[PDB]
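We begin with a single chain expressed as structure tokens, specifically the form deposited in one PDB entry.
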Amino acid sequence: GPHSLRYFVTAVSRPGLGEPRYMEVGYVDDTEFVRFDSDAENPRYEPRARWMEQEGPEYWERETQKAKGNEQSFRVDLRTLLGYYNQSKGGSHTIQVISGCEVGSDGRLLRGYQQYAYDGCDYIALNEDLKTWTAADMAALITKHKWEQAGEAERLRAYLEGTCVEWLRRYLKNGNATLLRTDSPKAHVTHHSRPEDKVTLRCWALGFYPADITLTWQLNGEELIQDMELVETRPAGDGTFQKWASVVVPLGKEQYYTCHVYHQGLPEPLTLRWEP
């Protein structure tokens, strides 16, 4: 199995209310393990996973600092983008960024990324070659040159291919017992009456981890993917996920319908139907 390290960083100006709010959240494959929020009492990078307690007082200082550094940096960014878009100094705006790296099971690099956005829409992003940039609008077209001229691209690549893939392994080792685990999805179906002799059948899948799972409803061997309904997989508050998919079927004719659960911890896809 491949793995990745993703950073979600967000900056939000809030005029009249003080300095922007900066936050950083990091994940190693679906489990939050570190974070920083400028609005805590004492803004300090801190752990979100036990395995991260395995780190010396040093690590936590270098991060807390390079964090406070980025804070200033996006803080300047926000004002910069205001000139780029001829926007009012009075409005509140957002900068989102996601940077990180994926790897293969050999521990080698698979993919590296970093992309900015601004007030919810695409801004700039590092192409897959890790050498060129793709700018969304002409404002981002400027930042593109600043970085071309400052070799920011190769500066980043050094980071992705180096520091990023390396700590990924470190992490993956500190808490492999938590990150390389597989919790199997326990399932069941619920039944709900409806108008016009119709019936809604829901298929629940719980306590599973990796978040990646598939649910389908089948009738005589064909998946009714189109006349179905589901919810983006979700965290259940203890480090595992869950999902549900439902389908409307005619009353009295529901045992002709089955649910199919596809997950890493399921050697054999789960198959269930209703239990009157």
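C-alpha atoms forming the largest set that superposes within 1.5 Å between two forms make up the rigid core. A residue's number is simply how far along the shown sequence it sits, counting from 1.
Omitted from view is the form solved in complex with a partner chain, to which the following refers.
Heavy atom of residue 176 within 4.5 Å of the partner chain in the bound PDB entry: No.
Residue contact check: residue 88 to the partner chain in the bound PDB entry, 4.5 Å heavy atom: Output for residue 88 is no: heavy atoms all beyond 4.5 Å of the partner chain.
Exercise: residue 131 in contact with the partner chain in the bound PDB entry, heavy atom 4.5 Å: No, residue 131 is distant from the partner.
Comparing forms between the shown form and the other one after core superposition, the one residue of 70, 246, 31, 38 displaced by 2 Å or more at CA: The residue that shifts is 246.
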